[PDB]
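Undergrad: no sequence for this one, just the structure:
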Ligand SMILES: Nc1nc2c(ncn2[C@@H]2O[C@H](COP(=O)(O)OP(=O)(O)OP(=O)(O)O)[C@@H](O)[C@H]2O)c(=O)[nH]1
Ligand SMILES: COc1cc(-c2cccc3nc(-c4cccc5c4ccn5C)[nH]c23)cc(OC)c1OC
Ligand SMILES: Nc1nc2c(ncn2[C@@H]2O[C@H](COP(=O)(O)OP(=O)(O)O)[C@@H](O)[C@H]2O)c(=O)[nH]1
Ligand SMILES: [Ca+2]
Ligand SMILES: [Cl-]
Ligand SMILES: [Mg+2]
Ligand SMILES: [Mg+2]
């Protein structure tokens, strides 16, 4: 049943805010948390993400975390800012200076117990908590460093619950600081150990999409987040809407993850939308959703093989046609699906379409091509680390070079793991 | 083709047609199995918490 | 008269159980509140329908059923359902979190925490039984509960009720309506642990039922409700002889006697005809000859497989409606000369026939038309081993890479149970080929 | 674009069929164990028929008929002809044959084979018999030569009447057999390939020493090695139909059609129609086709005898191109359409 949501740092809170805006608009819930919808379908599963308050008000089961107050002051001032439980805003004053070590070891360690208290207060209010979802970036300090620290603490206290992350990967094409490969490599090592499913959201891909197909000439983070919140809506559809498939993170994990460390998913969305009128046919949805240009992780699917795929079609359409089309891409491109996992592609449909579209499709692929993302981060890491450049920001917080060496080794191992099943 | 053993009732009838003639472990073992597996689970949990403590 | 208790496990077993008990009430003229006016003995009896229903002083007719699911959404709809009055709360058993498509989680982890409660609610039903024959067990192969918990229940039922018979109705997994990539794993695991505890098991391949609803009911995408009303018609055909006056298959032991000469080969193929759409405006009623011939078309079987390339060990024909022996025998005679039907050397070539004069009852607003005669054939043929071959192959592909295995080890199962189960299935496939080739 | 799989790489005919299909640009070959195929060109032994027709969204077709081995193994064919009323013990075109297992293994018919063998040296008539199994053949006038021989090996043989009065081509005074290629499609249409071949002996026939078996066994292998004159008269010891026809016209005042081919078509159709209820895939969840090779003998009276049916035949090298193209057209494109027929359809509906 209930999922507890956490959003950490600047990127995590800006995308987390947009996500709660998008899906509260879907479920009819207004900024004050009051329902005002048409259908009863909007509220059958409302409890997975919302607590019901006095007067049948709905409040997100969402905790907001930062080491500075800037972004969360803007969340509180944003569209749905008052929908959040005010006690659930947990923030320091220091900031993390885009420093994983500050988020994970010094500044963050000081604040983390305060965050766990609000998590605990949310958990003990759930009839049957199934797990947690975290939105954050890997390239800064709070979302990357403190975010993974929170994931370690949450696992300690809830070792039998599901941990799920939406993780924004840094890219030199959309870059705040040079140390992003350092922060991201340190984060990935944590993620491979302590999450069940990580949606890899590559700022590289988001930029290229905004640039080349949306034809936005100077993409802002705002344009990037439109794509992210649309995609997040799509992947959580079965968690929020009535269907013949239950709102179950564990069953998703069991069906998506054949090997525990290989839980990094490449998301995709169709039709690619910008802030149009033409009906998309089920054949068009299906071909676009599998298109490399609709992938949110800048990896070519034709360079690896799909281990498992989850596909989620939204809107009024022929599930006979969806079924035919899905079976069509599998039988038409059976090279790219491993033959040693029979029937590794599952489709779900939900009659309720996202705002602005009569039909959409969301793609969730566990491809061995995701190794390209981790190699790219690894090469950027190594270019600086072989000269120990910018390390003093980290050693000054108590970190040793050995910890970098280990993190780089573990990520290269993960790369080798993926290569192993791409040739099996 | 021989029709034999015909029984009739008000609900129906039955018979047999012959074309051609012919040419569990303990409760103790189960509770033990269920608890061996429980021990393997709590071991694996203890190794995780020891890893988190480090 | 001797009572039989039905046990429904997991989503599939519970929802099919719902369909069956709906149908039973319609057939015995039992109303949704449990009143049976035609039952002139108030507060008891030992009629044949009393094999499946018990009686209360106020005349409520109560199924001898236990429903078990590790998550409550599915059984809650039973408690709020049309037939809510029919069942006693003590017979509806739910947990809080399910087995997550994981045999090991249903068997070891969650099974251990609920098993004793279930055996207790089972024993209360057994206590109201002057003579218990045994159990009818409904479950899927592919679910974590349906596979994992069922095998645990079956082990202990052998312990608590050692001389009782146990029959399975088992839903074999099909990708067209499937819920898990690991369903082949669960299937092998529950078949290996349940084998020696089952005297007779009727497999239903969701593939076959799906295609029967598409091809013969012109339903483009069949729902679970479509699938289960057809399945319950078949189950009703199979159980009618326990609930009605007659002389064939009158108790559970006769099922093993008549269908299962070898205890491991205890999977009879079911074939059912005719299936006719209720939207069919004009329908030419099919004769005894036509529906009996239809029992040898693979497209009507509960499991697609080719009985021409196997051997029979037993064959029962259960008819419902306007059928008399003379026409059955004329039908068999003709079919023998046009079709490949070879028995094993050590068995008689012959058919056990059962007729009930009441034609099949249909659910109103259902998709099945009323017909004047229908038949369900139960044949123990080695051709059903084709479905073990399909399942075992899918298992081999995944297990060669240990894909998904870590999910089972993590619940306390040892990896070796995988290979033990797979080797038992290897033995079973060769048993079939010894008998049949 | 259709998909297919190759599971017999030792197959001359489907090697060419494999290659011809890709050339269409509308067929792509998958790895041998990829289950998302339209077409399986399967293995000869233990082809997994039970795994076919269970892939949603794929019409599936395989190049073998499950159960057609009853025709294509010597012991089974004998069993099938005697036991089936549509072949009957009273079958004019199959040599008298008997099943006999070695005594190493022990139904068997060597008891009833003696019964007729004796009326044969009682009755004065030629009692030469052949013995062969599904390499190792014996032609003797006295039975204990036969039964001795099969005791010596460990598999079940068949003893069959040796046709002592074959038709001999001149010049040469030499034996031959006829090979005919038959394609049964998914609809159980029976197609005879217009082109057959005569596998000739290079040696003059000799009814006095049945032990030098190179004028007695027409096999293409036994003739290119152990024979003096391989290739003297016809290239590759292979006479084709146009030549054999004109010989029959010049020497015997007949045609191939009238004297031999009507019998051949009658035999092919009777055999395949007999087993049709047992192997047809008309209402199955998958579909079959299969190429057969029928081997015939012609006696001097111009009566055709069936010797055996081959379930995995090779073709004559000059004929691969046309025949394999034909297989794709009516057995494969039949089911999976792409974007002067070489076959004769065997069909006869006599009313009575
Ligand atoms: N015919 C039919 N099959 C069903 C039905 N429900 C589930 N199944 C099949 O059962 C398999 C899944 O097993 P379930 O019974 O749903 O799982 P479960 O027993 O509830 O166990 P959990 O993993 O704990 O949910 C799949 O093959 C489904 O296609 C049903 O109502 N009718
Ligand atoms: C596919 O979409 C979703 C499905 C489910 C979901 C819920 C319950 C049982 C499920 N069995 C499957 C499943 C079955 C077979 C193959 C599968 C899956 C998933 C990926 N493969 C290859 N999936 C399930 C849950 C979701 O959210 C929690 C979701 O959204 C992403
Ligand atoms: N897609 C996206 N990426 C962001 C956003 N804000 C920051 N980033 C990226 O996240 C990284 C910076 O991390 P940030 O969240 O700002 O640092 P933190 O506050 O310490 O967690 C860089 O890779 C940025 O490009 C945003 O709103 N959207
Ligand atoms: Ca009564
Ligand atoms: Cl007992
Ligand atoms: Mg920032
Ligand atoms: Mg369930």
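TA: Thanks, I have it. Residues are numbered from 1 along each chain as shown, chains lettered A, B, ... in the order given. Ligands and ions are numbered 1, 2, ... in the order given.
Undergrad: When you work out contacts or count neighbours from here on, use the C-alpha atoms and nothing else.
TA: Will do.
Undergrad: got a list of what residue C:206 touches?
TA: With contacts taken as C-alpha atoms under 8 Å, 6 or more residues apart in numbering or on different chains, residue C:206 has the following neighbours: C:171-174, C:177, C:227.
Undergrad: State the distance from it to ligand 3.
TA: As for residue C:206, its distance to ligand 3 is 44 Å (criterion: C-alpha to the nearest ligand atom, to the nearest Å).
Undergrad: Equivalent analysis for residue B:47, please.
TA: Residue B:47 sits 31 Å away from ligand 3, taking C-alpha to the nearest ligand atom as the criterion.
Undergrad: repeat for residue A:326
TA: Where ligand 3 is concerned, residue A:326 sits at a distance of 30 Å (C-alpha to the nearest ligand atom).
Undergrad: Next, count neighbours for that residue.
TA: 22 (other C-alpha atoms under 10 Å in any protein chain shown).
Undergrad: How is it assigned, secondary-structure-wise?
TA: Under DSSP: H, G, I helix; E, B strand; the rest coil, residue A:326 falls in the helix class.
Undergrad: now the contacts of residue C:206 in JSON lines, with neighbour count, secondary structure and distance to residue C:195?
TA: Written out in JSON lines, the entries for the contacts of residue C:206 read as follows (neighbours: other C-alpha atoms under 10 Å in any protein chain shown; DSSP: H, G, I helix; E, B strand; the rest coil; distance: C-alpha to C-alpha, whole Å):
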{"residue": "C:171", "neighbour count": "25", "secondary structure": "strand", "distance to residue C:195": "15"}
{"residue": "C:172", "neighbour count": "24", "secondary structure": "strand", "distance to residue C:195": "15"}
{"residue": "C:173", "neighbour count": "23", "secondary structure": "coil", "distance to residue C:195": "18"}
{"residue": "C:174", "neighbour count": "22", "secondary structure": "coil", "distance to residue C:195": "21"}
{"residue": "C:177", "neighbour count": "14", "secondary structure": "helix", "distance to residue C:195": "25"}
{"residue": "C:227", "neighbour count": "19", "secondary structure": "helix", "distance to residue C:195": "26"}
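Undergrad: ok, and the closest non-adjacent residue to residue 53?
TA: All of this is about chain A. Of all residues beyond its chain neighbours, the one nearest residue A:53 is residue A:59 (6.8 Å), with distances taken as C-alpha to C-alpha, 6 or more residues apart in numbering or on different chains.
Undergrad: My question was about chain D, not that one.
TA: Using C-alpha to C-alpha, 6+ apart, the nearest residue to residue D:53 is residue D:286, at 4.5 Å.
Undergrad: Enumerate every residue touching that neighbour.
TA: Residues in contact with residue D:286, defined by C-alpha under 8 Å, 6+ apart, are D:52-53, D:59-62.
Undergrad: Quick check, residue A:22 in contact with residue A:233.
TA: Yes. Here residue A:22 lies in contact with residue A:233, judged by C-alpha atoms under 8 Å, at a distance of 7.2 Å.
Undergrad: Under a three-state scheme, what state does the spatially most central residue of chain A occupy?
TA: Most central residue of chain A, judged by C-alpha distance to the mean C-alpha position with C-alpha atoms, centre = their mean, is residue A:166 at 1.7 Å. Secondary structure assignment for residue A:166 (three-state DSSP): strand.
Undergrad: Tell me how far it lies from residue A:364.
TA: For residue A:166, the distance to residue A:364 (C-alpha to C-alpha, to the nearest Å) stands at 12 Å.
Undergrad: so where do the helices sit in the stretch 101-250 of chain A?
TA: A:107-123, A:147-157, A:180-194, A:203-208, A:221-235, A:237-240, A:249-256 (DSSP state H, counting those that start in this stretch).
Undergrad: Which neighbouring elements make contact with the first one?
TA: In other words, helix A:107-123. strand A:3-8, strand A:62-66, strand A:89-91, helix A:147-157 (3 or more C-alpha pairs under 8 Å, 6 or more residues apart in numbering or on different chains; DSSP states H and E).
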